[PDB]
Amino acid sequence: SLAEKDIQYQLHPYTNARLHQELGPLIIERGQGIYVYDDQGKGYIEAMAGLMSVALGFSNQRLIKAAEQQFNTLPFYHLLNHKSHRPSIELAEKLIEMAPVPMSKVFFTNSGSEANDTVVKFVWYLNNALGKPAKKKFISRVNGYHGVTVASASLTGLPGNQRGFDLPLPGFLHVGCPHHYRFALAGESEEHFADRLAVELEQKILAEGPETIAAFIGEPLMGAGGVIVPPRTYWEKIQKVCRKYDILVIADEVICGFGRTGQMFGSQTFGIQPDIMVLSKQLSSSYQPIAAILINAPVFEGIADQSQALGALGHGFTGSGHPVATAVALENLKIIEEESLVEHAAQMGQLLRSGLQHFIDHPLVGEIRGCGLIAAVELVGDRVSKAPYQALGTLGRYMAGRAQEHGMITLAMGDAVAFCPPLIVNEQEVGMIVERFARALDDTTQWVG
């Protein structure tokens, strides 16, 4: 059977390999709209849009035709040694012109992980170029997600991404997760929470030596780490501290990018003025692996100078700007703009968040959080103590399993279940997502008993 071949031959990411050898896979055969189907023909709402990525859903014919047209023209070429091609150029133009702050240049990669890894190298290269060889350290946040390379997983602030991998590397620093529900002191306002986080950052910088700190990287809101909306005034006050010590602000838009948070970019939603932006996922609705780094004039000018001094920029991937990946992403962004999906997603997000808010007084519901068309419901064993049932993750695992039984694919992030549907979700589809959440919660409530 296909399931036995999978057990025999594939090591799965983010999977217990031994449990996999026992249970085998859930094989997804096909998709259309917001739905995927297993090999038994059971349909599921992809409430996660795959990996917070499939913006236009699973059967957008314009993307499929854009791939075909590029395949039949030039199915592969590269950008090395002055070589170029139309889809990379037209995508780079569109990305610079739609950027929420003035940007200079695009550098393409296959993945968000490769992109953040590349940003680390580019910042090191830049500060070497500027004669600041000590200005190399990165500050990220607890529960931040920035990818899985040796360097990008050091940026990542999830313990499950570091345990057993001897990470983080030296020079990769973490300050606090900006999650009021978990980290605010008794009675502390959002603004006062934001103050204390800005202080933590300033004190980390002073303790490490400001001359040693190159960059601060953050997702506008934290996706994979639990759909963590920062408190009011966090980004304003954090940026003041960064500008104070000449620290680059990197906006990781891998999940927030292209209409997830109620505006085109999380940088717009949260008032971020980044030096560097990292884009992926909704860039192509994940129909092709592609990510993009936007760098502003000063970062480009320094890198360009050093690329001349050292002969050439000694960096690039075979797939960097792949013509099929760039052609699909270009068409994807045109569809998001032509179909006004940023504003449609904002409207569907209000319906999603209002539907979930009906459960705010459920005895297992600790917090309902969200922004735009991304949300999470964090379950707890006790609302007063905020303590888990048995152990962190026990409720989330059971909930995600029940959701699947009820025909919905969600992702458990500890004891939070996430919602990140395709931007094309309609009103009754949002209603069905909340209904399947409600069934899963009912089952979880009877289970905890």
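Sequential numbering from 1, following the sequence displayed.
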*Where do the C-alpha atoms have the higher mean temperature factor in this entry, in 326-334 or in 193-201?*
193-201
*Decide which of the stretches 251-259 and 293-301 has the higher mean C-alpha B-factor, going by the entry.*
293-301
*Going by the CA temperature factor in the entry, name the top one among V377, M348, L310, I374.*
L310
*Using the entry's values, work out which of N110, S285, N127, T149 has the largest Cα B factor.*
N127
*Where does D382 sit by CA temperature factor within its chain: lowest, middle or highest third?*
highest
*asked:* Please place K94 in the lowest, middle or highest third of its chain according to the CA B-factor in the PDB entry.
replied: middle
_Lowest, middle or highest third - CA B-factor, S140_ = highest
*Would you please rank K105 by its C-alpha temperature factor against the other modelled residues of its chain and give the third it falls in: lowest, middle or highest?*
lowest
*Divide the modelled residues of the chain into thirds by Cα B-factor and specify which third, lowest, middle or highest, holds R353.*
middle
